[PDB]
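Everything below concerns the one structure shown next.
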Amino acid sequence: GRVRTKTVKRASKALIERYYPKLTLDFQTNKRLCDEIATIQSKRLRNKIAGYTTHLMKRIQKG
Amino acid sequence: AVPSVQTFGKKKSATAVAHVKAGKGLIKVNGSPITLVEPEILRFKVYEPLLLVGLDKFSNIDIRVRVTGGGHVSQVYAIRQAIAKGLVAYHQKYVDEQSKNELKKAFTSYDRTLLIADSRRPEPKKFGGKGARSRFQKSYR
Amino acid sequence: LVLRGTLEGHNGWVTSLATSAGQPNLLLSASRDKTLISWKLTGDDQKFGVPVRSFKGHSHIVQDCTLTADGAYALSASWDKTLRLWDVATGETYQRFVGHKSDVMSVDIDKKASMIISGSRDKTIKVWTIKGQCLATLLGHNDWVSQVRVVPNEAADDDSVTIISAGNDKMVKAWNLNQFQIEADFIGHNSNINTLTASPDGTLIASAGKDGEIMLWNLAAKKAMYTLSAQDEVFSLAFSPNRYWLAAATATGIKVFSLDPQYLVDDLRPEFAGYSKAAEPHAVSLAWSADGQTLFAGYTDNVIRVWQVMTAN
Amino acid sequence: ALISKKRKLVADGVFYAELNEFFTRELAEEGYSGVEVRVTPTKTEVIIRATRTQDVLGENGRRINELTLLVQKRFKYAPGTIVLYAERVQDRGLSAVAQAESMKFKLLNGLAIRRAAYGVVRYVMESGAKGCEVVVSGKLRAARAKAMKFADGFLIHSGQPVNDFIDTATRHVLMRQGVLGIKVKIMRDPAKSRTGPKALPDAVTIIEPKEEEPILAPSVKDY
Amino acid sequence: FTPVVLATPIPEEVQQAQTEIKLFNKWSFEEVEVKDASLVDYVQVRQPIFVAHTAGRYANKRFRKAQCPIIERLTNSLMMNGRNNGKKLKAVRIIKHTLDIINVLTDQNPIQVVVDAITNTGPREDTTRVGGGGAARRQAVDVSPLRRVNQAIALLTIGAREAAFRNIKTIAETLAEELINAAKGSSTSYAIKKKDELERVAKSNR
Amino acid sequence: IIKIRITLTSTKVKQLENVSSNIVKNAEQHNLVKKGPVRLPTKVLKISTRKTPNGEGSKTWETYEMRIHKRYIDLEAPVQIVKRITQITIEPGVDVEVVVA
RNA sequence: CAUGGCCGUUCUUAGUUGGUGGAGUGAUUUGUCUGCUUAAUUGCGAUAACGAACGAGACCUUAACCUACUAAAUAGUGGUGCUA
RNA sequence: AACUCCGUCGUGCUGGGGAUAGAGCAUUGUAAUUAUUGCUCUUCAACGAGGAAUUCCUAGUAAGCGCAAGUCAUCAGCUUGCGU
């Protein structure tokens, strides 16, 4: 039941395609970046957005 | 000056507070000795922190535990929660930190939640039943 | 340059290592697990060192730590927007430093323990006293101040102290605390500057970051000297105190660079059992020992690895 | 005094509800929209939120000096310890209470239902609303009741943002055939929201980065 | 054993047998072993406990109840038929009395007698129901190793409860009588009479 | 000077905390000993009606809550500055009482 | 069984509908789907559709953690006096 | 409150169970008879685990156990919550 929805997924792809050489492969320093490069209303959502961003980058540097 | 650590232990409503200072070796619960914690079939539950790591470690410290809240079984699980945390936190501050891991290893390998209080909490009642999940009997005709 | 074992006892990434000139076998490491651990080195192949005191009391990741010259006092820079001054004996905190609006990434102290500098993610740099008073706010970066260092001045104790402050804004800036003004600006880094350091004599500036390159500078000369390439994202950076070497913590391993002449000393890749190639643990902190024979490297394995130099034949 | 805060704070609530129902019944013909009390020492004051203040404030101070007496007689206030103000309405095209009374009185002038209701939804859209919806339910033109709903824009009715961006009003309009029900929901957009949240909870905005120069000219500039 | 003296007396019989070996009430988890393979990894006598009162989360996963010690799985099955639900402090007394009585009648380790009872009284071939339409015929199937332990504790504590019901002998003694008569295949126990009855029904239906 | 006590009671968190903040800000504008805001436990007032008029349907229940937040600050001040600070910080929804001694 | 409002239920589920384009004389249809996945018309994808809206989620309340910040004779703790 | 310890009972519809009924003393109320309710002594019924059927429930849950509140002047074998 861990399926991210099209709010988290679509936002994370838009946040990679214009901030690629600022995001690491680490979650703890990615969610600190999402407070600066994005406006997200709730703390629970930006942890989900930054987590899927970190998951996408692990499969970007693979291929 | 009188090296002392205070800590707390919890079970379900109960909160034991331990006062671990350096001294002669009295282990008193609510002003009464540890040998008198009396559901008397869970008397050994306050005794595992005194026997897992060995009784020698308590010869130089003083323990004073006070409990409130909970029930008779829940409180017994709260002193042992506070005794275990009260000795590993004494060792973090006033003796070698290498010794703290050796006692933390002993309690965790025998984890009856001696160091980490369990996150099981009551579920609220709802309407249409006498319990959280239980429902009233329906009659159908 | 061979290893004689590891150090266990941290539960997170060992973010920063720091050693003291006073005690040569006192290592202080701060990690992701909100604690600092002071060790006692024994020089044994099975257990090179043991922990002796844990410094807990930070509410979030502790990014940087530093010792004093005599090793009695320790500073911790943490993500809880505070800095703490610790006694290495009896593990207590004397002073708490507050006033950053965001995470604190680095802390350094001068040799005389008079001023304390601290970079942060609020794009500002604050200079602190020993009693917790913030002297001034050295603003002027455009992004997170990723790391700061104080430059050791030259001999005979001339009253001129300079600090160097890298950042994600792709400028390295040299500051002048005699007037609390910017002294020099360094331009040419093409990515985030993760780490920077200075020579023991206080002339060289080495800085590196995401691109896979290290740029050497000369603060005395105010010219860039040249750049190297490491092909890997650079995490930490450390000058050898007497061997005239530059150690770099990369995504693949520890690369040690000699500059006279220009060649690679070694590429340290420890043996990891049970992981894949992508999930390769890497060093995120470097610290040469005070005597200059030993380098330490904290990893994302949550384990400190120890390398000490040895001549081949 | 000499009353517990549990009974004190509740009694302030029921006093407000009694005042509000009084002014809906009394100032129905002046487009009333709400009140707020400011319990201060030395003459607690009451503000009336009604569109035509020139009607609420009568000729030479009548029609609000009367209402000042009516409140202090019924609620046993000391004379001069309550005053009634009337500042008008903040953007009456966006209040569902005021737009339901407009919908009600337009029906009582014998306007057709589909015309009186499409004239309310298009006025609320003209007022910068993101979505509003008007329901008329009753015996509209037959003996068997139906319900017609008129909508434009979009409305959210799911959760906590309902408490933030939805304004609702129910009105009973009394007709020859019976009673019709008027329900107006108005969703003010969160962009012009002054206090509280200013966006929907699942709305994300990415700050557009500024592109940089590649070579960056490796050099030093000094002071 | 070099006893330690301190301001709280902590009586002599406490630490003498418990500082070095963590026994049962006073009983040993040494030299006890499951004689029947396919019940190892389901009968847990490997980590000793002091009393059979462990406020442990064993219901949150599928097979985690196997790691619960079997002595606590017998005190758990005693709190049954309504008036005794949630009365664990009574069930520990019954089991504490049972292992004392078991040692008296037979001088072996009472923990070993319990494991012998569990290993015997678990059914080995059980019967399931095949509906189809109408007569609802039966089919003989195998039985899991976990269900063998699950049902052996069920049959033993049901038999002790029914024997002690309208009887002057206490529940502790009838539990002792049932466990001893099941350690050997005496067929004077409720569980053994049940176990071979379930097995002979499946033999007809195979 | 005189020993005073100011008690604040409201149903709005945001409207109450800034009023107490103005109280303490005026307290160390011209310095005097604080005994700053001691927050009492919040009171939840529950009304559990059924759901309906007439009892047709599933027996569904509602619960309504009013939350009472209470704060008291124990100050001491000269007699002059008492009246002005008790009169400046007046905000709707917040009930302020001042005990003389 | 003339109505309003409120409520229950269909309905402990995932469902519903415009705009433009395509199919059909038309009622209607596609979008809203073979497969896999999810608690979910949740997603991956496929694609005569594209771009959307409500519902789900997000949200709010509450229960768990904080030896961190802000301080409390209307909550405690320790020492100190006096005293059994 | 269940619970815990020590004792009395001892397989007997018995010291289980407490329906039905008699006599008195009080309390609320303008008023208690068709017993408001509480208490004291006496009376000591069926019921020996409940057929076909059928309800609720997956973890601090089921079940046991009481407590506060609503209704209220008096009446809780009900409900809404709460903990053990």
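Cβ: placed from backbone, ideal geometry, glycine included. Neighbour counts: every protein chain shown. Coordinate-derived values only; no laboratory data.
Rank the residues C:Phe186, D:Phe23 as a footprinting-exposure proxy: fewest other Cβ atoms within 10 Å of their Cβ go first. Kindly include the intermediate steps, with their values, before the conclusion.
Working: C:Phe186 26, D:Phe23 22.
The order, fewest Cβ neighbours first, is D:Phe23, C:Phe186.
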Simple Cβ-charge dipole of the protein assembly as shown, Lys/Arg +1 and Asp/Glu -1, about Cα centre, in debye nearest 20: 7000
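Considering every pair of different Cα atoms, what Kirkwood radius, in Å, is found for the protein assembly as shown?
Working: mean 1/r = 0.0270 Å⁻¹.
Answer for the protein assembly as shown: a Kirkwood hydrodynamic radius of 37.1 Å.
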Using every alpha carbon pair in the range D:1-111, what percent of pairs falls into each 5 Å bin from 0 up to the bin containing the largest distance? 2, 10, 19, 23, 18, 13, 8, 5, 2, 1, 0
At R0 = 56 Å, how high is the FRET efficiency between F:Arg67 and C:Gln308 if r is their beta carbon distance? Nearest 0.05 is fine. 0.30
Roughly how many nanometres apart are two label points built 7 Å out from the Cα toward the Cβ at C:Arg96 and A:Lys9? 4.5
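Placing unit charges on C-beta atoms (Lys and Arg positive, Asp and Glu negative, everything else neutral), compute the dipole magnitude of chain E about its Cα centre in debye, rounded to 20.
1300
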If amide H atoms are modeled at 1.01 Å from N in the peptide plane, then the residues at a separation of 5 or more from C:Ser31, or on another chain, having amide H under 5 Å from its own are C:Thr15, C:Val62
On C-alpha positions alone, give me the angle between the axis of helix D:96-108 and the longest principal axis of chain D, in degrees, nearest 10. 50
For the range E:162-168, take each phi angle, set θ = phi - 60°, evaluate the Karplus expression 6.51 cos²θ - 1.76 cosθ + 1.60, and give the result in whole Hz per residue in order, putting x for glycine and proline. 6, 6, 8, 5, 9, 9, 6
Give me a comma-separated list of calculated 3J(HN,Hα) values for the range C:42-59, in order, Karplus coefficients 6.51, -1.76, 1.60 applied at θ = phi - 60°, integers in Hz, x for any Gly or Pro. 10, x, 10, 4, 7, 9, 4, x, 10, x, 10, 7, 9, 10, 9, x, 8, 8
Each label sits 7 Å from Cα toward the beta-carbon; between D:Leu200 and D:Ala142 the label points are separated, in nm, by 3.6
Relative contact order for chain E using alpha-carbon pairs under 8 Å, separation at least 6, rounded to a whole percent? 19
Let me check I have the definition right: for chain B, take the eigenvalues of the Cα gyration tensor, multiply each by 5, take square roots. What are those semi-axes in whole Å, largest first? 37, 16, 13
Stretchable slack from C:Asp201 to C:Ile187, in nm (0.36 nm times residue separation minus alpha-carbon distance): 2.8 nm
If N is the residue count of chain E, its Cα Rg over 2.2 N^0.38 Å rounds to 1.16
As an exercise, use a Förster radius of 51 Å and the Cβ-Cβ distance of A:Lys58 and C:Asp44 to find the FRET efficiency, rounded to the nearest 0.05. 0.85
Taking the alpha-carbon distance from D:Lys104 and a cut-off under 27 Å, which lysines remain once sequence neighbours fewer than 8 residues away in the same chain are dropped? D:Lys130, D:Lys139, D:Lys146, D:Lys149, D:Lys183, D:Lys185
Selected from D:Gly159, B:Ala1, C:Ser236, residue furthest toward positive end of dipole (the protein assembly as shown; charges at beta carbon): D:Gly159
At a temperature of 37 °C and a viscosity of 0.692 mPa s, determine how fast the range C:137-257 diffuses translationally according to Stokes-Einstein, using the Kirkwood radius over alpha-carbon pairs as Rh; express D in µm²/s, rounded to the nearest whole number. 226
Within straight cross-link reach of B:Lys93, meaning Cα distance under 13 Å, which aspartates and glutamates are found once same-chain residues fewer than 8 apart are removed? C:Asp87, C:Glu92
For F:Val82, B:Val2, which order do you get if you count the other beta carbons within 10 Å of each Cβ and list the fewest first? B:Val2, F:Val82
How far is the Cα center of the range B:3-71 from the Cα center of the range D:85-99, in Å? 66
Computed from the mean reciprocal separation of all distinct C-alpha pairs, what Kirkwood hydrodynamic radius does the range C:4-313 have, in Å? 19.4
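Just the projected area, averaged over all directions, of the convex hull on the alpha carbon atoms of chain A: how many nm²?
4.4
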Treat each spin label as a single point 7 Å out from the Cα along the C-beta direction, and report the C:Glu8 to A:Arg18 distance in nm. 4.8
Given charges at Cβ of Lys, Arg, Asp, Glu: chain B dipole, positive-most of B:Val67, B:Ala106, B:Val88: B:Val67
Where does chain F land on Rg(C-alpha)/(2.2 N^0.38 Å)? 1.51
Under 5 Å between amide H atoms, partner at least 5 residues away or on a different chain: which partners does C:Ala287 have, H built in plane at 1.01 Å? C:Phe296
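Hey, with R₀ at 45 Å, roughly what FRET efficiency would F:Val100 and D:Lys210 work out to, going by the Cβ-Cβ distance, to 0.05?
0.15
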Past 19 Å, Cα to Cα, is the threshold; run B:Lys125/F:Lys59; B:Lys105/E:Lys22; B:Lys10/F:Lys43; B:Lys45/E:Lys169; E:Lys61/E:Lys195; A:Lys9/A:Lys58 against it and keep the listed order. B:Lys10/F:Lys43; B:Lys45/E:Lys169; E:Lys61/E:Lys195
In sequence order, what are the phi-derived ³J(HN,Hα) couplings for the range B:119-135 according to the Karplus relation 6.51 cos²θ - 1.76 cosθ + 1.60 with θ = phi - 60°, rounded to whole Hz, with x for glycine and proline? 8, 8, 10, x, 8, x, 5, 10, 6, x, x, 8, x, 5, 9, 4, 10
Using the crude model of +1 on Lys and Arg Cβ and -1 on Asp and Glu Cβ, and no other charge, please compute the dipole size for chain F relative to its Cα centre, in debye to 20. 180
Charge dipole (the protein assembly as shown, unit charges on Cβ, about Cα centre) - positive-most of B:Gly131, F:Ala27, C:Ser191: B:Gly131
Roughly how crowded by other chains is peptide D:192-202, in terms of the mean Cβ count from those chains within 10 Å of each of its Cβ atoms? 2
In degrees, nearest 10, range 0 to 90: what is the angle between the Cα axis of helix B:72-94 and the longest Cα principal axis of chain B? 30
When the label point is put 7 Å from the Cα of D:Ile47 along its Cα-to-beta-carbon vector, which residues of the range D:69-84 have a backbone N closer than 15 Å? D:83-84
Computed over chain D: longest principal axis from alpha-carbon atoms vs helix D:65-74 long axis, angle to nearest 10 degrees, is 80
Cross-link table D:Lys8/D:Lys192; C:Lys81/F:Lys25; E:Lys96/E:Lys184; B:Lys12/E:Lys65, entries beyond 27 Å C-alpha to C-alpha: D:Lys8/D:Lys192
For C:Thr82, residues with placed amide H under 5 Å, excluding near neighbours: C:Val104
Going by how many other beta carbons lie within 10 Å of each one, how would you line up E:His53, C:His282, B:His19, fewest first? B:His19, C:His282, E:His53
